[PDB]
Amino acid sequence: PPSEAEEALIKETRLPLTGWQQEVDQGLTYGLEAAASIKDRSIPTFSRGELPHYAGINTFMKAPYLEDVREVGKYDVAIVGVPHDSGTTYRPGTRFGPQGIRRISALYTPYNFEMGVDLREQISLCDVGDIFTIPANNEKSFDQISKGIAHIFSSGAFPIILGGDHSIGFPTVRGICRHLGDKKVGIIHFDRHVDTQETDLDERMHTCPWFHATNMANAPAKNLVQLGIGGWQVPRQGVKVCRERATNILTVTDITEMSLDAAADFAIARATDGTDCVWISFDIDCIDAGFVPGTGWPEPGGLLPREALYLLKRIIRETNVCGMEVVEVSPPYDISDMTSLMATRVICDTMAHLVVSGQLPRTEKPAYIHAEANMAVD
């Protein structure tokens, strides 16, 4: 049987280079041809595109910036930043999450070796910039986030959210549900913390989004799957709510003891039972603190990177995913963007899994996307 590396060499031969050539040609047109001493004539004078990695304006993966967000429906994937840390109960700083993730994402090429995916060749990706968050008023910021996510989601572009603390899980899912009609969404929640209590410090903070998300008809608590719960920061009020609403929880010990495949099976079966799509909400602190120091609620004994990445491989490829957020990256507490890099890897792997499973590019808008907004979902 062939090794993963042998398949990767074969898969790479199947990838085109038209996307790369178009980047080269645009670069030479917009950035001039290189000086006479440069041998490689694909190089421009001015950096325009991927190279050099240390150079250029820092959109996510140096994807095109989409200034006119009304055109977002023309893209397969829209990276959207949510610079929001008004829901943080310990360290703030994740309002800079989007910046840190964009910054370190310059390290990446659009090509994933193991999967034989090249995003520059296989999807159209844009970076729409950031939601205009409201730091002094969590609820107004919620309303901004929901309006923007509902905009991107209803356009048909697949939304990838750069958080931002996890309180945004309520307004993002609320934005989705405004266009779900009567369809239901299962939430697959990677986290050490249940995030299901009603209020915290008298407000709807990052410990609270799934209390309020699953108050919506379109988001059944019975379809909330919570992978990695454990430690000394799981609030007892949230635990009570999980028990009363019958959410589906696995601890890190559960996951490693039952095997990753059985853990993903559990999540796939529970999240899709009676729903039409799945929302992926990935808290970067579900990874062991030694890998993600740049976060508000680090906890030892979390998932190791390859464990979380393998769970995503199983779950993304075998569910109908309608969107994703990666939350709680807090650059001011990071070292050399280690934590932003972990988040970037989750984001890019997810896109690659959507491509491998044929979910992107979409050949038509999904059945669950309703055009008219249901402004009273919450």
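In case it trips you up, residue 1 is the first one in the sequence shown, and so on.
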Residue stretch of maximal mean CA temperature factor, 125-133 vs 175-183: 175-183
Mean Cα B-factor check, 86-94 vs 237-245, entry values; winner is 237-245
Deposited CA B-factor, highest of 309, 348, 341, 35: 35
What's the residue among 292, 217, 101, 149 with the greatest CA temperature factor in the PDB record? 217
Lowest, middle or highest third - CA B-factor, residue 105: lowest
Can you work out whether the C-alpha temperature factor of residue 76 puts it in the lowest, middle or highest third of the chain? highest
Sorting the chain's modelled residues by C-alpha B-factor, tell me whether residue 116 ends up in the lowest, middle or highest third. middle
Quick one: classify residue 336 as lowest, middle or highest third of the chain based on its Cα B-factor. lowest
If you rank the chain by CA B-factor, which third does residue 60 end up in: lowest, middle or highest? lowest
